[PDB]
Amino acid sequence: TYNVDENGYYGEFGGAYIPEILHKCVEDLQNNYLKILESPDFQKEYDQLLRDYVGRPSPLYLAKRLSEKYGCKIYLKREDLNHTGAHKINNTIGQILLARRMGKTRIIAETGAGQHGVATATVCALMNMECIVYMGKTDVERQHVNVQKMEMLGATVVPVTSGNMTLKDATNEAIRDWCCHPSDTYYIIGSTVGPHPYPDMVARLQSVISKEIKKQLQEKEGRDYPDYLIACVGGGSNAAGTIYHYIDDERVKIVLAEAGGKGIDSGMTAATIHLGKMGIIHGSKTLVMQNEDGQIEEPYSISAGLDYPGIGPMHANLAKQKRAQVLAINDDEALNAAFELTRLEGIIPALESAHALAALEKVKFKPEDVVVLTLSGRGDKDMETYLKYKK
């Protein structure tokens, strides 16, 4: 299987490469997570909140003008319509329910651009649970609306002033925090990253996407599988959910779009699958962009959501084994695709999602091909970028 194996690995990638201090809390999570996620109590509450609070199922929308342009049937999986405007809310809802079932009361997370921090604070408001979000001080400074939303939602935002004051430092303080609070604290990881069981956990939470796609395609096409699944990747969570229930069925082609930034040869890029080497990042053995001194490098993308140096182990494995095609989509290609979707379907996509849309230009589709592309988010949050880069 291309899902996780019984040891926490996706082929050679993944596992739990963690200091001894994390051994106990990660082991404890490993023991709990599947028992709770498979339980009917959990499934019932998760489904109810996903329906009433998030608004699931997200529609599967036949984009008729896009379909005309690319000469095939293109459905858009509309995660952009979720409460909070992206798929991250599926994961924060799932993990807060897990946390509660583990008897945890204090919820912590880190955030870079602010989206995961908002998704985390959102569910902590819902649940009336103490919420602390760690955020690199440089990230804090230039993400003031997200900081303000977190604070409105009643979370405490902790500016992280250690190291370079970036996402890496915030991640480090969050992990330290969790480790030091084995009694009461649960750490909500933001993507399909981190030590086992977090990658599998987050993929399972996001698998609601492909669960729905199966039902929706059956109703609309009379078959339960598309010819292509297309998603953007940062850490890999919306892609993991999109492909989860199709991951071993090679009839369904997988196209992953990563952030090329200014171009894979430009030195300002986030194309981890194309350019990364093996490394350990946040306890996971995976591909990581490293500089000539072996140091975890500084990625660049127009989209903050995709400018992570690592990739989830799932996708490293999919790419190596050639189960998925991976494209490095550049900033200009993503912007062009965002403006195109806006004009053709009246949907303003997230800049992340726009990388996936740009992939449509790169693949020669057949007229009977059925493509499902995950519109991971809406583009309201990106409007300042869109106004600056327009025309």
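Each residue number is its position in the shown sequence, starting from 1.
Where do the C-alpha atoms have the higher mean temperature factor in this entry, in 189-197 or in 280-288?
The deposited B-factors put 280-288 ahead on the C-alpha mean.
Quick check on the record: does 164-172 or 126-134 carry the larger mean Cα temperature factor?
Per the deposited B-factors, the answer is 164-172.
When the CA B-factors of 364, 355, 64, 51 are compared as recorded in the entry, which is the largest?
Of the options given, 364 has the highest CA B-factor in the PDB entry.
Identify, among 94, 267, 226, 312, the residue whose C-alpha carries the highest B-factor in the deposited PDB entry.
267 has the highest C-alpha B-factor of those listed.
Chain-relative CA temperature factor third for residue 220
Middle third of the chain for residue 220's C-alpha B-factor.
Compare the C-alpha B factor of residue 119 with those of the other modelled residues in its chain, then answer lowest, middle or highest third.
Lowest third - that is where residue 119 ends up once the chain's C-alpha B-factors are sorted.
Would you check the entry's CA temperature factor for residue 183 and let me know if it's in the chain's lowest, middle or highest third?
CA B-factor rank for residue 183: highest third.
Sort the modelled residues of this chain by their C-alpha B factor and say whether residue 47 lands in the lowest, middle or highest third.
Middle third of the chain for residue 47's C-alpha B-factor.
Mind checking which third residue 85 falls in for C-alpha B-factor across the chain?
Its C-alpha B-factor belongs to the lowest third of this chain's values.
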